[PDB]
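Here the structure is laid out as C-alpha cells; the discussion comes afterwards.
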Amino acid sequence: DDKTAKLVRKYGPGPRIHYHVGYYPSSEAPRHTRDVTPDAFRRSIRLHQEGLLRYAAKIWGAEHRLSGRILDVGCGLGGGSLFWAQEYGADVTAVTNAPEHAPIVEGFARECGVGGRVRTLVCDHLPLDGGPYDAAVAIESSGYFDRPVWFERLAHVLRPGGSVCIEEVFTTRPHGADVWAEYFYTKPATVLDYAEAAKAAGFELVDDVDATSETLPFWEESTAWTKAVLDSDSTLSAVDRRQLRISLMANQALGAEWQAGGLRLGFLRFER
Amino acid sequence: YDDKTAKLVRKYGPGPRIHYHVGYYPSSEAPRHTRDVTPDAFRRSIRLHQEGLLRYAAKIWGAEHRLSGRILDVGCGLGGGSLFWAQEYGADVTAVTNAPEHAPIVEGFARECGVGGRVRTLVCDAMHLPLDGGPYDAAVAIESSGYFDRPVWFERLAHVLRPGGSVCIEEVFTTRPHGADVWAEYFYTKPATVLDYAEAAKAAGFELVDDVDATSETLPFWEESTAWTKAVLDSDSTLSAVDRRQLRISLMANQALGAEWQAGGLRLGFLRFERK
Amino acid sequence: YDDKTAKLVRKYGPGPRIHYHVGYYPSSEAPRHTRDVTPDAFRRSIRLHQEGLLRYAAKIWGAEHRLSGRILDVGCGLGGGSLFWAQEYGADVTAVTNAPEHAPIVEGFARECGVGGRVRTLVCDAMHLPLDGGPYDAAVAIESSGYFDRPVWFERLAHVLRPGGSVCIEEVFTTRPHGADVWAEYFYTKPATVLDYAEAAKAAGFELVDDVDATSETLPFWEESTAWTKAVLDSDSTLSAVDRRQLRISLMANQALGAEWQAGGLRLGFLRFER
Amino acid sequence: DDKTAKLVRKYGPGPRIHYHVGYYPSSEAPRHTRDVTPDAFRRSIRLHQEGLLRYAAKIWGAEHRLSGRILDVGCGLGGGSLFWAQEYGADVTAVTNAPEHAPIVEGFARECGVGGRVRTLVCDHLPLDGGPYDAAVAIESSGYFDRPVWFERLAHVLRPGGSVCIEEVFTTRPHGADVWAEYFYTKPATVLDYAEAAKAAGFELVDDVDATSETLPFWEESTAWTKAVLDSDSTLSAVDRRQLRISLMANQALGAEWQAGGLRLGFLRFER
Amino acid sequence: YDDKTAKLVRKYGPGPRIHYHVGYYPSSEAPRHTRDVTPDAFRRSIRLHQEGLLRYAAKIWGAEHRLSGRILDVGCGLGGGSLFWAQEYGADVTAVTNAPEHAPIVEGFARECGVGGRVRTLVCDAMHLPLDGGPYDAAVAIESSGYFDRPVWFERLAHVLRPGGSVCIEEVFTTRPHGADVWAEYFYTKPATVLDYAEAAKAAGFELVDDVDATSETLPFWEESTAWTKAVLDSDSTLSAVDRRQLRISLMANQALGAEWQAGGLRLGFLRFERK
Amino acid sequence: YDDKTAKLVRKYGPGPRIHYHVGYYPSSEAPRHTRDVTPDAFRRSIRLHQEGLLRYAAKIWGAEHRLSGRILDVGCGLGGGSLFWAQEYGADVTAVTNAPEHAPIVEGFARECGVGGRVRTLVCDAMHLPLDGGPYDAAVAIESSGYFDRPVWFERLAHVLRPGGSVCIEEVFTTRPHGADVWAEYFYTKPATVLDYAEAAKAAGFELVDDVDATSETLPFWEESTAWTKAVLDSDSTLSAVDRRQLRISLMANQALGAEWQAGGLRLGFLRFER
Amino acid sequence: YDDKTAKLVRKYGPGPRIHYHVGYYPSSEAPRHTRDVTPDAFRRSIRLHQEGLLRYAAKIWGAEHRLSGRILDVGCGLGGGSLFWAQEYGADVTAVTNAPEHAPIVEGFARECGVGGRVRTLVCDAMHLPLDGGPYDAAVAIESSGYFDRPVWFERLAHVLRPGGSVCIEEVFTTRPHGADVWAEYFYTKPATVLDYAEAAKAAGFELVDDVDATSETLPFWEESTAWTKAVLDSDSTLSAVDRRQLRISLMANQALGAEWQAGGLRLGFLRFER
C-alpha cells in the first residue's frame, strides 16, 4: 500500500483511478498557466486518461461491443472497470493479480452505484466459470502476458464474434521499447506478434490504430507533475524524493523513446 | 481508554458527548469564575461553550434543513459532534476517524444516547477510501480539516455529495504566512488561508456561500483552558512526574496559543460551501 | 477463584450470595460470644449482619418503590447486593465490576438464585465507558464510590438516570481532614466528606434527599471481623507462612480500622440523591 | 532490590547499614525536638543500632573474643560485619542467603578500607573449609535457623573455647512472640531451647543478658519514622503508602508485644 | 547516540567537551549577534559561556588547590565538566552518572583528550552505592544535585571525603515556595532553598564556606537558548513533525524558564562546603 | 558482499584497491573507444582514472610532506584511498566508514597489500564519536563530506588535528542554488558552496590554503560510466529483471548527472585547509 | 539438594559426613529413651551408630592395612563412608555414585574435611564403564551391592584390583527364599544369599576370607528410625499433606522392615573377599 499510495497521489483520488497514458487529440499538451502546482498537472493527466477511454470507446463501438458481459484484464485500481460499468452499463469482471486492490475496485464500484455490475477476480490467467463473456479489454496490461497462452484462454471464455480490445505499447523494430520494457518489467512485442498469437487461437485482427503522437504529450505532463512535486513538497523523505527524481529521469527517457520511432502506442481489436 | 485518550477524556468531561475543539463565547469575554475555581468548574464551563460552538454552528448553517439528513462527520474525534447532529437534528451520521480505537467509543455513546442506528463509524485516512453510504446531503468538519490535503478532500467530497449539498467547516486559518505556526507545530496541522480553501473547493465544483470570523469569540477558550491546567497543577497532588510535566507543557502551549490567537495572523473561521 | 478472591470467599462466603462491605448491628453492639467461637461462628454472624445492612438500606430507601425497576449496582463485588435487589425486589440489575474475573462468578451465582434473566454484568472502569442499557431507574453503590471521581461519576449518572431516579450510596466519609486515613491507605480509597458528595451531586443535577448516620451500628463489624481473624490464626495449622502473615496483617488492620471507626473522624453514611 | 531499597531508605545510607533493633541505655527514646522529619528519626535509629553493637561488644569482650577470625551469620547488608572488621580488626566471613546483598557488603567493605578483612559466603548452612573460626556472631538472624543443626555445624568449624554470640528475640512463654514470629517469618524459641540445642552440640551457655527494656524504645522511634514518612512524602505510590501503613500497624503491635511479658530480647554467649 | 542524547549533542556542540548546564555571562548581558544569527552562531556562543561557567567556578572555588586532586564529579552528563577538571587542573576524576549509555561516551572523549587514565565512570543512582576510590579530596556537582535526596547525599559525601575536603555545587535553588516550579516540573528536579542544603550539609558534618549568587549572570543563557531554538525552527526545513514539535515546546519552555529566572523566586547559586 | 556492495565491486573492482568516486581525465576528454567496448574495457579505464584522481590529489596537496604521517581517511568507501595513502606515501591511516560491513573488507584488503599494520578501521557516524587515535597530522575526505554537517565536522577536525595539519577535500559543490540537485537527490547528499565550506572551516580555526576547480577534468567519468552501463545492458543476458531495471535507472541517472555536470551549477573541487 | 536428597539430609545429616545405611548397636539393644525424644535426639543417635558401623567394619577388615591405599567406594551415597576411609585411614578414595547430582556434593564435603585431594568422584552405572584409575588396592561396598549383577560386578572388580586386594561388603542377604522381600520391594534391591555372592566371587577369581553375621546388632536401627519418624509426625506441623503422607509411609515401612529383620529370613552380613 506504500506503492499504491504513491500511485493514488499522482492519479487519484477515487472513485475512478487510471494507470495508463492519456490521449491528447491535438497531439499537444495544454499550455502551462500560472497554476503549475502538482494538482494542476494531476487534474490534466486524469482528464486525458478519461479521454483515452472515451476515445477507445468510440473506435471500439463500445455502445454495442463493450456494454454486455466483459472482462477487464489487468484492471489496476478499477478506473477502466468503472468506466465501462458506469458509461456503457457493462457488467464487468475486473481481473487483477494484486489481492489488496480488489477491495479498492469493489468499494469504489459501490460508491458509484454499480457495485452489482462490477466483481473482481484475483488470479495470475484463470476461470472459465462465470459463463462466456462478450468481450475482454486490456488497457496497458498485456505487456505483462504470455500472449499465445492468454489468447488461447480468451478463446475458451469468449463467445463467437466477441471482441478483444487492447491498448498497448508495441515495438516497431527490435529494442524499440527497451526503456519502457526494463523500467516497467513488460515484454513489448510487435503488432504482428499479437496478430499471430491471436490467429493461432481463433481470433482475427479487425482494427489496428496508431495513437503514438496523441499519447506523447502524456510524458510531458507526467514529467511536469513530477518536477512540480520535487520543487514544492518539503515533506518528502530522502527516499521518497530520490524515487521521484528517478521517476523524472525515466519520464524524460520514456518520452524520448516515444518519439524515436521504435515504439508504437496502438489500439487493437480482435474478433473471435 | 488508552493513555492519550484518557487525558483528553479527563479534560473534556465524561461521555456521552465529548468534544475536542475550541469553545464559542458569544460576548468574546471569558466567564468570571468568582467563587468556584476548582478544575471541575473550568471543565464544565469549557464543555458548556464547546456545546455552544455546535449550537452556534447549527444556527448559522441552518442545520434544521441542511444537517438533518444523511451527513458525513469528517474527523469525528470521540463523537461529540456526531451525537449532536444525530440527537439534536435527527441526522443519519457517518462518522469518519483515523483512530481505530475511537470507533468503538463513538458507537458505544451513540447507543447510550439512543441513536446507535443513525451513527456508524468508518476508520479512514482523511477521506481517500471508498464511501458507499449512498449520496450524502452534507459533510461537516469541526477542526479536523487542518490535517487534510484540501484539493483532494474537496474532490472526494464533490463525488459523494449531492448537488446543493453543503460542506460545513470550522477551522483555524492563516491570514498571513506563519500566522498559525504554534498551532501548526504543536498540533501537527497544516493551516492554510480561507482563500486557499475556496480555491481548492472551487476547482472541485463547490461555491463558497458563508465565511464567518469567530476569532474573538473563541479566544476565551484559551483562557479557560489555561486556567483549567493551572487549577489541576495547583490541586492534583497525585499526578506522576511525567503527567505533571505534560500538563506544565500544555499550560505553556495554551499561553502561546492564546497569544498567537491575538497576534492577527490567525483566523478561527466558519465556512460553508455548496456543491454546484 | 484467583488467590485474592478465594481468601475473600473463605471469609464471607460461601456462594451464591457473598457480600463485601461492613455489616449493620442495630443495637450498636457485637453479639456476645456463645460456646461456639470457631471461625465459622463469626463468619455466619458477619454474613447475617451484612444481609442486615442491605435490609436496612432497602428500608430507608424504599426499595419496593425506588429499587425494583432497572437499576445499576455500581461496584457489585461478588454480586451479593445485585442478587439481593434482583431477588428481594424483582429488580433488573446491571452489575458493574472493575474486575473481569468476577463477571462470570456473579452470573453463575445469579443462575443459581433463579434471577439469571434479571442480572446482567458489565466490566468497565468506574462507569467511564458507554452504558447502552437504556434509561435506568436507579443506581446503588454499596461501599464502592470511595474509588471514584465523584464529580465525574455523578455527571455520568446524570445522563443515564431518568428524572426522579435515585442514587443510593453507602460509604465511609470523613468528617474531618485525614479522619479515615487508615481506611483510605489500607483499601486504596479516597474518602471525602458528605458535603463533597453533595457538591458533586448538585453540580450534576441531583438533589440530596436523605442523609443517615450509621457509624455506631457498623462499628461491631470490626469486632466480629477481628475475632474471625484471631480464630483462624488460633485454629488453622494448615496455613502457609505467607498466608499466616497475611492474616496477621489483616488482624492488625482490623484493630486499627476499628479504632479509627471510633476516633470520630469517620462516618459510615447512607445517602440518597434524586435526579 | 525493591525490598532492599526500602530497607536502605529507612536504615541507610552506607557504608554501615544495620537491620536489628537499637539499644537505649536509659530505656527511653530521645525527646522529639522540632525536627520530626523522617531524617531525624532515621539518624536516631541508626545511632542506637550502632549502640547495640557497641553494647554487645562490651558484654562480649570483643577486644579478645571478636577480634580474630569470626563468622557473621545472617549479615544483612553488612553493617555488623564492617563493625567487627573496622572497630576490632576482625577478619570476617559474612554469611547471607541473598546473593544480591553479597556485592553490597563487599563494596562497602572496600569503601571502609577493610576489603581484605571482609569476605562474603552465600549459602543456606555450609563450608567447613576456610579453616576454623574463633567465633560466630548472629545479630537477630538466628530466629530463622534450625538451632540444633546450626549448633552442630558451628561445632565443626569453631575452635575449642570459641564463642558463639547471639542477639535474638526469645519467647518466655508459649505464643509470647507470635506477632514477631508471623510478621517476620521467624520461629522464636526460649533461651532454654537454645541452651539445649547448644549443649547437644558441645557448647556451654556462659552469658545470658535480658535487654528487653533497653530495646523497647526502638519500636517508638521506628513507629515515629514511619508516621513521619506517611505524613510528609507526597511521592509515595498507593502500594508504597499501603505498605508503610501496614508497617506502622505492625510496629505498634510489635511494641505492645515487646511490653506484654512473653517476649525477651536477649544477648547470649556460648563457648565451645 | 540514542535519540535524546543526539538532540542534546546537536545543541551543546560536538565533543570532546559537551556541557549540559547554564552558561555564565560576567556582564549579565546577552551577546548581541549583529550579523551571524545562524543556529551554529548561537550554539558556539552557548558553548563559550558554558565553558566560562566552569572557568568562573574554578576561580571562585580555587580549583588550583581544591579540585586538582582526586575528585568525584557527581551527575557528570556527557563528561564536559569531568574532562575540564582532568585537563585544566590535572584532577583524577571519578565521574558518576545514572545513564549507563553515557559511561562509554565520557570514557571515549577522555581518551581522545589524553586523560583516559585519570577519568573513570561509575554508573550510579545518586550516590547510594559503594565508592571504593579511596578517600576523595572534593566532590563537584554542576546542576545535578536537584535530583538528589540532600540529607542522604551529604551523608554519603561525609564518609568518602577527607576532612577539609570540599563539596562544590552549582544549582537552581528556590528562594520562596514554588519559586522554581517550571524548572522543577519541566526537568523532573526537586529544587530546595540554599538553607535547606546548608541544614542537610550541617547535619552530616559539613560547613558552608561560600554562597554566591549568579542569577543575573546566567539569565542570558535563556535568551541565547531561546534564540538558538528559534533559529533552528526558522532554518532547518528537514525536521520531522515530531522533532519540530519538540523544538517548539523547548522554545516555549525556554521562554517560561527565563521568565521564572527573573521573577525573584529562583536563585542560580554556587556553594562550597568543607568537611569538618 | 551484500547486494549493494557486490554490484559496486562488479563496476569498480576487483580488489584489493577499489575506488568509489569520480575519475580524473587531464585532457578533459573521454578516451576514444577502441575495438574492445566490453564492460571490462570501460571498467579498466574508469579504474585507471580513479587512481589518477588520487595521484593528482597527492600532487596538488604535497602528500609526501602533508599526507605521509598519521591521517584520517574520512568516508573510506571500500578503502581504495586508504590503501593508496598507506602504500604510496607510508601513511598511518585511520579509515572511517559509516557502514560496519565495509570495516572487515578494508582490513582484508590492507593485509593483501602488505599495509595491514598501517591501516586501521573505525566504524562511526560522520566522526561524531570519540577518536582516541592521538593527534592526527591530516584528514582526507574524497567525495564523502557531502553527507556531513560541515560546521560540526570542522569543529571535530579542529580538536583532533595538530596545528598546521591539513584537511584535504574532494567534493561536488554548488556554484548556484540547486546547481547539484540531481547529484543531491540521487546520492542523498547535501552539496553546499565553497564559501559555505570556507565559513564552516574558518569558524573552527582552519584557513583555506588551496582551492582548485576540476569540473571539466571529471566530466568524462560520467561518459565512461554511462558507457559501462550500456555495455552491461547490451551484453549480459543473465541479469534478473530487477537487476536489469536497476542498471537502466543507473544509465538514466548517469546521463542526468553528466548533463548537470555541464549545466554550470556544479563544481568538482579540491580544497585544502590548514589548522 | 533435590527433594529426595533434602529429605535424606534432614534425617541423616547435616554435612559434611552423612551416612545412608543401617547403624551398628553392639549390645543388640536400642538406647533407652531419655527425657529428650525430639527428632534431633534420635537423629544424633542414628548418626552415632552409623559411624559406629563403619568403625566396626574398619576393625574386622583391618583397614589400617587393607583400606588405607587406593580404594573404590562403590555406591558412596552422600560420601559419608568415602570421607571416613579418607580421614580415618588416609585412603585415596575413588567414590562411585549412580546419581550425578551427588557427585558435586561429595566433593564439596571432602573439601570441608580437608581430604579434597584424596577423594575423587566417578559417575557411572554400577561400575559397568571404564575405570582408568590405575590398579586399586581394595573396593568397599556399604549396602550398595544389592543393586548389582554380582557375577558381572565381581568380574569387573577382578580386572581393576591388584592380586591380594580386598572386596569389603556390608549387605542385606537372604537366608531363605523371599526372606528379604519387604526390603527388596521397598528399596528396589535384589538381595541374594551369601552363597550366591560366594559363587559369583569365586567365578571371577576371589576367595571368601571373612563372613560375619551382624543381624541382631543392626536390628535396633529400625527401632530408632521408626522413632525418629514418629517424633517428626508428632511434632512438625509445617509438613505438607504430601510430605506428611510420605513420612507416614516411611513409618509403616520401618515397622515392616524391622519385623522382617526379625523373621529369620534376612541376614545383615559383612563379607571380605581377596583377589
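Order determines the names: the first chain of the C-alpha cells is A, the second B, and so forth; residues in each chain are numbered 1 upward, and ligands are numbered 1 upward as they are shown.
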
Is it possible to get the superposed chain A, fitted on chain D over all Cα pairs by sequence order, as a compact mmCIF listing (two decimals) with C-alpha atoms, in the first residue's frame?
# COMPACT_ATOMS: atom_id res chain seq x y z
CA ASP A 1 16.28 -4.66 45.13
CA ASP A 2 12.85 -3.07 45.61
CA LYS A 3 12.67 -4.69 49.04
CA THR A 4 16.31 -3.70 49.58
CA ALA A 5 15.85 -0.08 48.53
CA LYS A 6 13.00 0.30 51.03
CA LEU A 7 15.28 -1.08 53.76
CA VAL A 8 18.09 1.28 52.74
CA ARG A 9 15.67 4.22 52.77
CA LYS A 10 14.94 3.57 56.46
CA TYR A 11 18.28 2.32 57.83
CA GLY A 12 20.91 3.68 55.46
CA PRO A 13 22.79 5.05 53.80
CA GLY A 14 26.06 3.09 53.52
CA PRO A 15 28.69 2.19 54.38
CA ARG A 16 27.32 0.63 57.65
CA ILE A 17 23.65 -0.46 57.32
CA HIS A 18 22.07 -2.38 60.25
CA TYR A 19 18.87 -4.46 60.29
CA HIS A 20 18.18 -5.12 64.00
CA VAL A 21 16.73 -3.24 66.96
CA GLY A 22 18.59 -0.42 68.69
CA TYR A 23 19.88 -0.24 72.26
CA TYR A 24 18.75 2.63 74.53
CA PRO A 25 20.77 2.56 77.80
CA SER A 26 18.31 4.72 79.77
CA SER A 27 15.38 2.61 78.43
CA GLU A 28 13.70 5.67 76.86
CA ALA A 29 13.69 7.31 73.40
CA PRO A 30 15.23 10.76 72.91
CA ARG A 31 12.65 13.53 73.22
CA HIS A 32 11.09 14.76 69.99
CA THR A 33 12.53 18.13 69.09
CA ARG A 34 11.05 20.48 66.50
CA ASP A 35 12.76 18.34 63.82
CA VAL A 36 10.38 15.41 63.38
CA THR A 37 11.31 14.77 59.75
CA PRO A 38 11.94 11.17 58.66
CA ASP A 39 15.65 12.00 58.59
CA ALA A 40 15.74 12.95 62.28
CA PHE A 41 14.27 9.60 63.34
CA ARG A 42 16.41 7.69 60.82
CA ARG A 43 19.52 9.28 62.36
CA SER A 44 18.42 8.34 65.87
CA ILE A 45 17.55 4.77 64.83
CA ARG A 46 20.99 4.31 63.27
CA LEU A 47 22.67 5.86 66.32
CA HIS A 48 21.14 3.31 68.70
CA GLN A 49 21.69 0.46 66.25
CA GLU A 50 25.40 1.27 66.43
CA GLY A 51 24.76 1.50 70.16
CA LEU A 52 23.55 -2.11 70.23
CA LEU A 53 26.74 -3.37 68.58
CA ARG A 54 28.85 -1.27 70.97
CA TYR A 55 26.90 -2.56 73.96
CA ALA A 56 27.25 -6.16 72.71
CA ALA A 57 30.99 -5.69 72.12
CA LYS A 58 31.36 -4.63 75.77
CA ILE A 59 29.48 -7.53 77.37
CA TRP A 60 31.07 -9.98 74.93
CA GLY A 61 34.62 -8.69 75.47
CA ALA A 62 35.03 -8.11 71.75
CA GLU A 63 38.63 -6.92 72.24
CA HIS A 64 39.79 -10.52 72.71
CA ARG A 65 36.80 -12.68 71.64
CA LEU A 66 35.63 -10.91 68.46
CA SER A 67 38.93 -9.63 67.05
CA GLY A 68 40.13 -12.76 65.21
CA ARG A 69 38.56 -15.00 62.52
CA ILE A 70 34.81 -14.77 63.05
CA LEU A 71 31.65 -15.76 61.20
CA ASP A 72 28.90 -13.19 60.76
CA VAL A 73 25.88 -15.42 60.22
CA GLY A 74 22.95 -13.61 58.64
CA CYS A 75 24.92 -10.47 57.88
CA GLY A 76 22.09 -8.44 56.34
CA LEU A 77 23.68 -5.60 54.39
CA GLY A 78 26.97 -5.96 56.29
CA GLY A 79 26.71 -3.29 58.99
CA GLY A 80 27.67 -5.72 61.73
CA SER A 81 30.40 -7.29 59.57
CA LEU A 82 32.00 -3.90 58.96
CA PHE A 83 31.68 -3.04 62.63
CA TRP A 84 33.71 -6.06 63.77
CA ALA A 85 36.25 -5.59 60.97
CA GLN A 86 36.64 -1.82 61.47
CA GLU A 87 36.27 -1.50 65.23
CA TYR A 88 38.03 -4.66 66.40
CA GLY A 89 40.25 -5.53 63.44
CA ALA A 90 38.44 -8.82 62.95
CA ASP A 91 38.70 -10.87 59.77
CA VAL A 92 35.07 -11.51 58.93
CA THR A 93 33.29 -14.13 56.86
CA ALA A 94 29.86 -12.55 56.32
CA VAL A 95 27.18 -15.15 55.58
CA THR A 96 23.99 -14.29 53.70
CA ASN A 97 21.35 -16.31 51.89
CA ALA A 98 20.75 -13.40 49.48
CA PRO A 99 23.23 -13.30 46.58
CA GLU A 100 22.38 -9.72 45.59
CA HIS A 101 23.49 -8.49 49.03
CA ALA A 102 26.97 -10.01 48.77
CA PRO A 103 28.39 -7.29 46.45
CA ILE A 104 26.84 -4.61 48.65
CA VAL A 105 28.63 -6.00 51.71
CA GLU A 106 31.92 -6.34 49.84
CA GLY A 107 31.82 -2.93 48.15
CA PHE A 108 31.11 -1.08 51.39
CA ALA A 109 33.94 -3.06 52.99
CA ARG A 110 36.29 -1.73 50.30
CA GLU A 111 34.99 1.80 50.86
CA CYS A 112 35.92 1.36 54.53
CA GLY A 113 39.43 0.10 53.81
CA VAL A 114 38.69 -3.36 55.19
CA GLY A 115 38.02 -5.10 51.89
CA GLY A 116 40.82 -7.52 52.74
CA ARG A 117 39.31 -8.43 56.11
CA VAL A 118 35.71 -8.96 54.87
CA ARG A 119 34.64 -11.79 52.54
CA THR A 120 31.10 -12.98 51.82
CA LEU A 121 29.68 -16.51 51.72
CA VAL A 122 26.32 -17.18 50.07
CA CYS A 123 24.62 -20.30 51.47
CA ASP A 124 21.53 -21.71 53.23
CA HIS A 125 24.38 -23.68 56.35
CA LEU A 126 27.69 -24.63 54.85
CA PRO A 127 31.50 -24.56 54.34
CA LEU A 128 33.78 -26.11 56.80
CA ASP A 129 36.54 -25.01 54.54
CA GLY A 130 38.16 -21.71 55.20
CA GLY A 131 39.63 -23.16 58.41
CA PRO A 132 38.37 -22.96 61.96
CA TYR A 133 36.92 -19.70 63.28
CA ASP A 134 37.45 -18.06 66.65
CA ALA A 135 33.78 -17.04 66.95
CA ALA A 136 30.39 -16.75 65.30
CA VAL A 137 28.04 -13.77 65.74
CA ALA A 138 24.34 -13.77 64.87
CA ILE A 139 22.53 -10.45 65.42
CA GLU A 140 18.76 -11.05 65.09
CA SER A 141 19.29 -13.72 62.43
CA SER A 142 19.01 -16.98 64.39
CA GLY A 143 15.21 -16.84 64.60
CA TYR A 144 15.40 -18.23 61.06
CA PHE A 145 17.63 -21.28 61.83
CA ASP A 146 17.24 -24.87 62.85
CA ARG A 147 19.14 -24.26 66.11
CA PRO A 148 20.08 -27.96 66.71
CA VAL A 149 21.57 -28.29 63.20
CA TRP A 150 23.11 -24.81 63.24
CA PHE A 151 24.94 -25.51 66.50
CA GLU A 152 26.15 -28.90 65.22
CA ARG A 153 27.62 -27.17 62.16
CA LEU A 154 29.23 -24.50 64.35
CA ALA A 155 30.82 -27.23 66.48
CA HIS A 156 32.61 -28.44 63.35
CA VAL A 157 34.06 -25.06 62.32
CA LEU A 158 34.83 -23.33 65.64
CA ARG A 159 37.95 -23.84 67.71
CA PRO A 160 37.61 -25.13 71.27
CA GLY A 161 36.89 -22.21 73.54
CA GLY A 162 35.48 -20.32 70.56
CA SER A 163 32.49 -18.11 71.31
CA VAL A 164 29.01 -18.01 69.74
CA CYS A 165 27.40 -14.60 70.33
CA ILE A 166 23.65 -14.17 69.77
CA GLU A 167 21.26 -11.23 69.93
CA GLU A 168 17.73 -12.52 69.47
CA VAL A 169 14.03 -12.32 70.30
CA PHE A 170 13.18 -15.24 72.59
CA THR A 171 9.87 -16.40 73.94
CA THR A 172 9.37 -16.59 77.69
CA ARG A 173 6.01 -18.41 77.40
CA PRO A 174 4.12 -20.13 74.58
CA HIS A 175 2.94 -17.71 71.86
CA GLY A 176 4.74 -14.85 73.60
CA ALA A 177 6.27 -13.59 70.35
CA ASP A 178 3.60 -14.61 67.86
CA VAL A 179 3.33 -11.13 66.29
CA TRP A 180 7.09 -11.01 65.78
CA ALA A 181 7.01 -14.60 64.52
CA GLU A 182 4.25 -14.26 61.96
CA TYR A 183 5.25 -10.84 60.63
CA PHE A 184 8.97 -11.62 60.15
CA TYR A 185 8.66 -15.38 59.38
CA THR A 186 10.85 -16.33 62.38
CA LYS A 187 10.39 -19.22 64.82
CA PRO A 188 11.34 -17.75 68.21
CA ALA A 189 12.13 -20.24 70.95
CA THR A 190 13.09 -19.94 74.61
CA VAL A 191 16.60 -19.35 75.89
CA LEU A 192 16.46 -22.89 77.33
CA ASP A 193 15.70 -24.26 73.84
CA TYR A 194 18.89 -22.61 72.58
CA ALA A 195 20.85 -23.86 75.59
CA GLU A 196 19.76 -27.48 74.98
CA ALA A 197 20.43 -27.25 71.25
CA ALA A 198 23.87 -25.82 72.01
CA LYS A 199 24.61 -28.39 74.73
CA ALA A 200 23.80 -31.33 72.45
CA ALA A 201 26.46 -29.92 70.10
CA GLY A 202 29.20 -29.31 72.69
CA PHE A 203 28.57 -25.63 73.54
CA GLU A 204 28.12 -24.29 77.07
CA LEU A 205 25.97 -21.26 77.90
CA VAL A 206 28.24 -18.76 79.69
CA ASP A 207 26.30 -15.46 79.48
CA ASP A 208 22.58 -14.67 79.40
CA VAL A 209 21.51 -10.99 79.42
CA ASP A 210 17.99 -9.52 79.21
CA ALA A 211 17.82 -6.27 77.20
CA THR A 212 14.05 -6.09 76.68
CA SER A 213 13.56 -2.70 78.37
CA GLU A 214 16.59 -1.17 76.64
CA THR A 215 15.37 -2.15 73.17
CA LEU A 216 11.69 -1.28 73.61
CA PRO A 217 12.30 2.39 72.59
CA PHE A 218 13.33 1.13 69.13
CA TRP A 219 9.68 0.49 68.36
CA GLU A 220 8.73 4.02 69.34
CA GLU A 221 11.32 5.55 67.02
CA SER A 222 10.51 3.06 64.25
CA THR A 223 6.79 3.93 64.57
CA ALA A 224 7.62 7.67 64.56
CA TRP A 225 9.81 7.35 61.45
CA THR A 226 7.01 5.52 59.65
CA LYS A 227 4.38 8.09 60.63
CA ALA A 228 6.70 10.92 59.60
CA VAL A 229 7.11 9.40 56.13
CA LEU A 230 3.36 8.86 55.73
CA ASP A 231 2.69 12.47 56.78
CA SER A 232 5.39 14.14 54.69
CA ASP A 233 6.11 12.10 51.50
CA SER A 234 3.68 13.02 48.70
CA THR A 235 5.60 10.98 46.10
CA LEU A 236 4.54 7.62 47.60
CA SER A 237 2.70 5.28 45.29
CA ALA A 238 -0.59 3.89 46.58
CA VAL A 239 1.09 0.49 47.02
CA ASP A 240 4.11 2.01 48.78
CA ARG A 241 1.88 4.06 51.09
CA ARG A 242 -0.20 0.99 51.96
CA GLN A 243 2.95 -0.97 52.84
CA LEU A 244 4.14 1.82 55.13
CA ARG A 245 0.71 1.98 56.79
CA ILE A 246 0.97 -1.78 57.33
CA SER A 247 4.48 -1.33 58.75
CA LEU A 248 3.12 1.33 61.11
CA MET A 249 0.39 -1.04 62.33
CA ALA A 250 2.89 -3.89 62.85
CA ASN A 251 5.29 -1.59 64.67
CA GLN A 252 2.58 -0.69 67.17
CA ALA A 253 1.58 -4.35 67.52
CA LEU A 254 5.26 -5.30 67.94
CA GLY A 255 5.96 -2.64 70.58
CA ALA A 256 2.91 -3.80 72.54
CA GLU A 257 4.10 -7.42 72.25
CA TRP A 258 7.54 -6.29 73.48
CA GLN A 259 5.94 -5.00 76.69
CA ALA A 260 3.44 -7.80 77.31
CA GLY A 261 5.83 -10.17 79.13
CA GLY A 262 6.01 -13.07 76.70
CA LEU A 263 8.99 -11.75 74.70
CA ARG A 264 12.65 -11.36 75.69
CA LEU A 265 15.30 -9.50 73.70
CA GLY A 266 18.36 -11.38 74.90
CA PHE A 267 22.13 -11.45 74.41
CA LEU A 268 23.64 -14.93 74.74
CA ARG A 269 27.19 -16.18 74.62
CA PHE A 270 28.24 -19.81 74.27
CA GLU A 271 31.71 -21.36 74.49
CA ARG A 272 32.67 -24.49 72.59

Backbone DSSP call of helix (DSSP H, G or I) for region 37-140 of chain E, listed as number ranges by chain
E: 39-60, 63-66, 80-89, 100-112, 116-118

Please report the interatomic distance between CA of residue 47 (chain F) and CA of residue 141 (chain F) in Å with one decimal.
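Between CA of residue 47 (chain F) and CA of residue 141 (chain F) the gap works out to 18.7 Å.
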
Do you know which residues are at most 6 Å from region 206-214 of chain F counting only C-alpha atoms, after dropping those on the same chain fewer than 5 positions away, and could you put them as an MDAnalysis selection string?
chainID F and resid 201 268:275

With C-alpha atoms retained, export the selected residues as a compact mmCIF listing (two decimals), in the first residue's frame.
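Writing the result to out.txt gives the following:
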# COMPACT_ATOMS: atom_id res chain seq x y z
CA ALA F 201 36.15 25.83 8.38
CA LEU F 268 34.06 19.39 -8.69
CA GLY F 269 36.61 21.00 -6.39
CA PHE F 270 39.73 20.12 -4.46
CA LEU F 271 40.18 22.12 -1.24
CA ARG F 272 42.92 22.13 1.32
CA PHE F 273 42.62 23.73 4.74
CA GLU F 274 45.30 24.10 7.41
CA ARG F 275 44.70 24.21 11.11

Show me, as a PyMOL selection string, the residues that have an atom within 12 Å of residue 250 (chain C) when counting only C-alpha atoms, minus same-chain residues fewer than 3 positions from it.
(chain C and resi 7-8+11+186-187+222+225-230+232-233+243-247+253-258) or (chain D and resi 182-183+246+249-250)

Identify, on the basis of only C-alpha atoms, every residue whose closest approach to region 261-271 of chain E does not exceed 10 Å; exclude the query and any residue fewer than 5 positions from it along the same chain; express the result as a PyMOL selection string.
chain E and resi 22+57+60-61+142-143+166-183+191-194+197-198+208-219+222+255-256

With a cut-off of 12 Å, could you pull out the residues of chain B touching chain D and give me the nearest pair of atoms for each, distance in Å to one decimal, using only C-alpha atoms, ordered by chain and ascending number, as a tab-separated table?
residue	atom	partner	partner_atom	distance
B:236	CA	D:234	CA	11.0
B:237	CA	D:234	CA	7.2
B:238	CA	D:234	CA	7.9
B:239	CA	D:235	CA	9.2
B:240	CA	D:235	CA	8.3
B:241	CA	D:235	CA	9.1
